[PDB]
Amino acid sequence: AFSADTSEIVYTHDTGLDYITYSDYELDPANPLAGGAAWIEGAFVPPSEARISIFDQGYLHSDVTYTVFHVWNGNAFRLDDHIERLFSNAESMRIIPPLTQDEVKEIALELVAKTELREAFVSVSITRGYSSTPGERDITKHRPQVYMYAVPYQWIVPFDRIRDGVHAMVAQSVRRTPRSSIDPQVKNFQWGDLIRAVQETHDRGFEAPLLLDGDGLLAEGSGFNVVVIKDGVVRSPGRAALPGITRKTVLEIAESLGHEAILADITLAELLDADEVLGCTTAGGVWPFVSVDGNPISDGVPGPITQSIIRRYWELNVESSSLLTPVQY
């Protein structure tokens, strides 16, 4: 698995977008971890060797939470916010992390350094773990694990669609899992609903799904938040939506540009009548949604506030004292 030599790993792109520029560098072919690696049970290992116990409850009962942070031009973006959220999410599940927040950040940054990646996607998961015996059933006997991997930056949406916009679909075959079953404000791997939404998107010929909650209000997408703009007011679902760190940044940007930015309940009518709609997530940043169910949003092209937010997001990735943590390569 994952047998590609350092020369075969794709870690940069020509984006065609003046505000997204990768670093100009070469991976060291003598470094077996160059271009991607994992931290598992104290070892830094290449992806081909990155394996977890099949008896980990993170697999057997998806008894796990996680976060993904990214690195851009050699700086982790909002790492403190990410690890704070991860630990809050662990606490929500009554998982007691075996490492402190500072220990987690230390290891994660060292992992990225070993990969040499200047632009990276970095997953940190914390599982209920496993017990002294492989068939243990008592949930209270398992000892928790932290697993990390760092791989090239991943794009949920292609560069041309960051420019031109994405054609969204309101999923009707699923609803976002209710908080009364699985809390969507705790980041998790239980994607059964989200994957059905992606499958429906394919079935109906659209590009990305937007799910609704049990009350029929706008929720979120398959690994991303949605933001709706109307008369200069920027809103995003507060209930059935992960509290995204990209979303947080987007609303901060909106306010700095002079717009009211709030979490709120958004109806389907309000989504369709919006001036602008956008999506956001760590794995891809920010992009426009120019139609919903084949109905254009406004004039069917990316709106001015969206474009300002996208540009500003990418500016903050290159120059920001408070938001950037340098990797010590």
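Residue indices: 1-based, along the sequence shown.
### Query
According to the deposited model, is the average Cα temperature factor higher in 201 to 209 or in 159 to 167?
The recorded data point to 159 to 167.
### Comparing 172 to 180 with 92 to 100, the one whose average Cα B-factor in the PDB entry is higher
Going by the record's values, the stretch with the higher mean is 92 to 100.
### Task
Using the entry's values, work out which of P302, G35, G279, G58 has the largest Cα B factor.
By C-alpha B-factor in the record, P302 ranks first.
### Message
Highest Cα temperature factor in the entry, among the options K141, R118, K248, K187: which one is it?
### Response
That would be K141, according to the entry.
### Task
Name the third of the chain's ranked CA B-factors that contains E255, choosing lowest, middle or highest.
It belongs to the highest third of the chain when residues are ordered by C-alpha B-factor.
### Task
Please place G135 in the lowest, middle or highest third of its chain by C-alpha B factor as given in the entry.
Within its chain, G135 is a highest-third residue by C-alpha B-factor, going by the deposited values.
### Query
Can you tell me which third, lowest, middle or highest, the CA B-factor of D265 falls into for its chain?
According to the entry, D265 has a C-alpha B-factor in the chain's middle third.
### Message
Sorting by Cα B-factor within the chain, modelled residues only, which third would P29 end up in: lowest, middle or highest?
### Response
Its C-alpha B-factor, which the entry lists for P29, ranks in the highest third among residues of this chain.
### For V286, the third of its chain into which the C-alpha B factor falls
Answer is lowest: the recorded C-alpha B-factor places it there.
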